[PDB]
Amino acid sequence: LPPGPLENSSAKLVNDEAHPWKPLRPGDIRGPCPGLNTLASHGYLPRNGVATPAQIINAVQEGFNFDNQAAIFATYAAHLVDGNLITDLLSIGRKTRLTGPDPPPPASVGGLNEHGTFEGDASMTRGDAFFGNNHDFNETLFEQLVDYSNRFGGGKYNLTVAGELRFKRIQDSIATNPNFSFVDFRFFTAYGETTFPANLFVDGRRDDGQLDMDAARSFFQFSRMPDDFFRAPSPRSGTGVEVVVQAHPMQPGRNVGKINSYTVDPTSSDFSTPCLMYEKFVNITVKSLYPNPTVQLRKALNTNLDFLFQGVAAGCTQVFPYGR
């Protein structure tokens, strides 16, 4: 019941008659992900910003040609930590009554806005949770993306710009955020996310990895596809992530309660240990939210954990927080 890959994955107009941009209505939810935000604001996703895992996987495939394996891993990771496992509903932003009754602690069901579950620090266009707003578009951070595009990309965002801006944001957070955390799941997502604008926001007829700043603003700020936008011509997600990782090689770590105190975490996964990243996500992060689930919640957890495993890096063994 995770959707499979697109039967037809060719480039096509996705800013079409059936999927017009509309402004936000009172109550509509938007969050820290410009990709899901754009799909909601073009009605690929429900325009209110509440969705099921299957709607999200269909929408990122249909609207952007996100690859099926990456869609499955990201969607079921997010739903396991931020979504209501009983109703099968996830907010793409703030915590809402609309996803169902607030679960017994320590589960949070906080939507994609929930800090430290999926969302984390050193986002390109969003502030760190520590500073009080982890989801709204930040013009100072966007201006920095434009500046790094001018410096390293001839005015366009590309994998070279991604490498420099990723490092600058890490350095920004080490210097200013006493609770800065850059380990395990966020260490992985923080690098992959910087490739998405080059791989997925670039018009599919061109697919040259060079994103112009008008398109960049339209997606990041307004959740809006360019006029006549064509999706990528094949499924992809994090192509070129190794280029960004190696631009300024980092060890995973955290500040220890003061600025400029970045301490390497030797227990953290990194890009050499993708199976450990999956193992710690399920056996520490998911387990911490659902330490002794009821019979009903245990069944929903195991179903969604089976789905998550379908998205894992080839070669990893399934991990069972609740046995089999």
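Counting begins at 1, following the sequence as shown. Basically, rigid core = biggest C-alpha set you can superpose within 1.5 Å across the two forms.
After superposition on the rigid core, the larger root-mean-square Cα deviation in 4 other deposited structures of this protein belongs to 95-103, not to the other of 95-103 and 247-255. Greater C-alpha displacement in 4 other deposited structures of this protein (rigid core superposition, RMS over structures and residues), of 147-155 versus 238-246: 238-246.
The PDB entry records a higher mean C-alpha B factor for 205-213 than for its counterpart among 88-96 and 205-213. Mean CA temperature factor is higher for 171-179 when stretches 171-179 and 234-242 are set side by side in the entry.
Annotation for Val256: CA B-factor lies in the highest third of the chain's modelled residues. Among the modelled residues of its chain, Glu279 has a C-alpha B-factor that falls in the lowest third, as given in the PDB entry. The entry lists a Cα temperature factor for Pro53 that places it in the lowest third of the chain's modelled residues. The PDB entry assigns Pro34 a C-alpha temperature factor belonging to the lowest third of its chain's modelled residues. Remark: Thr125 belongs to the middle third of its chain, ranked by C-alpha B-factor as recorded.
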